[PDB]
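When a residue number appears, it is its place in the shown sequence, counting from 1. As a basis for the values below, the full set of heavy atoms in this structure was taken, side chains included, without hydrogen atoms, waters or symmetry mates.
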Amino acid sequence: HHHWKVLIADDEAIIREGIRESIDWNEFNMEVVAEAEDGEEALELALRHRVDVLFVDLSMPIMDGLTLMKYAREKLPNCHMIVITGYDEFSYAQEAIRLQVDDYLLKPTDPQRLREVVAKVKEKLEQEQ
């Protein structure tokens, strides 16, 4: 049909570049249409592109990751959300459980773990179309 749109939101470029360049997003019928460095730009880019998949760092400047996911679950109610967390605030991901998160991503990440998360999301995405 058409590629599912992915947004990567993270306050460190080295993580956003690492995630985008780690997968053949095309193999999963996906494409990265946007990267964002703060939660405000991310919310705007998520609505601008009507993304289907959001990688979200729990910690973003200006507007933080949790606030972005509350907005994302409201304004893109079918979107699939993957939480990005460093080791030093893994605890905080529990606050996102109520927003229906598909998986949780420790950063930095290796490609086959990533491949696992992305293949899961593609499963759910196919389940509904």
Nearest heavy atoms of [X] and [Y], plus distance in Å:
X   : Y   : result
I84 : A9  : CD1-O, 3.8 Å
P61 : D38 : O-CB, 3.2 Å
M81 : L99 : CE-O, 3.2 Å

Between [atom1] of [X] and [atom2] of [Y], what distance do you get to the nearest 0.5 Å?
X    : Y    : atom1 : atom2 : value
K5   : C79  : NZ    : SG    : 14.5 Å
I19  : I14  : CD1   : CD1   : 11.0 Å
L45  : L54  : CG    : CG    : 10.5 Å
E116 : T109 : CD    : OG1   : 13.0 Å
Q129 : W4   : CD    : CH2   : 5.5 Å

Answer yes or no: is there a side-chain heavy-atom contact under 4.5 Å between [X] and [Y]?
X    : Y    : answer
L114 : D110 : no
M69  : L66  : yes
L7   : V53  : no
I82  : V56  : no
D52  : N78  : no
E95  : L58  : no
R16  : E37  : yes
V33  : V6   : no

Excluding sequence neighbours, so at least two apart, what forms side-chain hydrogen bond (donor to acceptor under 3.5 Å, both in side chains) with [X]?
X    : value
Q127 : none
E17  : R20
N29  : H3
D64  : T67

Is there a path from [X] to [Y] through hydrophobic residues (I, L, V, M, F, W, Y) whose side chains come within less than 4.5 Å of each other?
X    : Y    : value
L125 : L105 : yes
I97  : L68  : yes
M63  : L76  : yes
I23  : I15  : yes
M60  : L43  : no

- Residue pair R115, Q112: steps toward the side-chain contact (heavy atoms from CB on, under 4.5 Å) verdict: CA-CA 5 Å; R115 191 216 140 255; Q112 273 276 338; 3.6 Å; yes
List the residues meeting salt bridge (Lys or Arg N to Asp or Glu O under 4.0 Å) with [X], not counting sequence neighbours, and say none if there are none.
X    : answer
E123 : none
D102 : none
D103 : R113
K107 : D10, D11, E12, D57

- Query: Pairs in or reaching into residues 92-129: which pass ring-ring contact (aromatic ring centres under 6.0 Å, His included), with residues at least two apart or in two chains?
  - Reply: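 Non-adjacent pairs meeting ring-ring contact (aromatic ring centres under 6.0 Å, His included): zero.
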- Task: For residues 32-83, pull every pair meeting ring-ring contact (aromatic ring centres under 6.0 Å, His included), keeping only residues two or more places apart or in separate chains.
- Result: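 Sorted pair list: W25-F55.
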- Side chain of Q94, backbone of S91: donor and acceptor closer than 3.5 Å?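 Yes, because the side chain of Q94 sits within donor-acceptor range (under 3.5 Å) of the backbone of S91.
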- Message: By the salt bridge (charged side-chain N to carboxylate O under 4.0 Å, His left out) test, which pairs, at least two apart or in different chains, include something from residues 80-91?
- Response: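 Passing the test, one end in residues 80-91: no pairs.
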- Query: Could you give all pairs that pass the salt bridge (charged side-chain N to carboxylate O under 4.0 Å, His left out) test and reach residues 68-87, with sequence neighbours left out?
  - Reply: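 Applying salt bridge (charged side-chain N to carboxylate O under 4.0 Å, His left out) to every pair that reaches into residues 68-87, excluding sequence neighbours, yields nothing.
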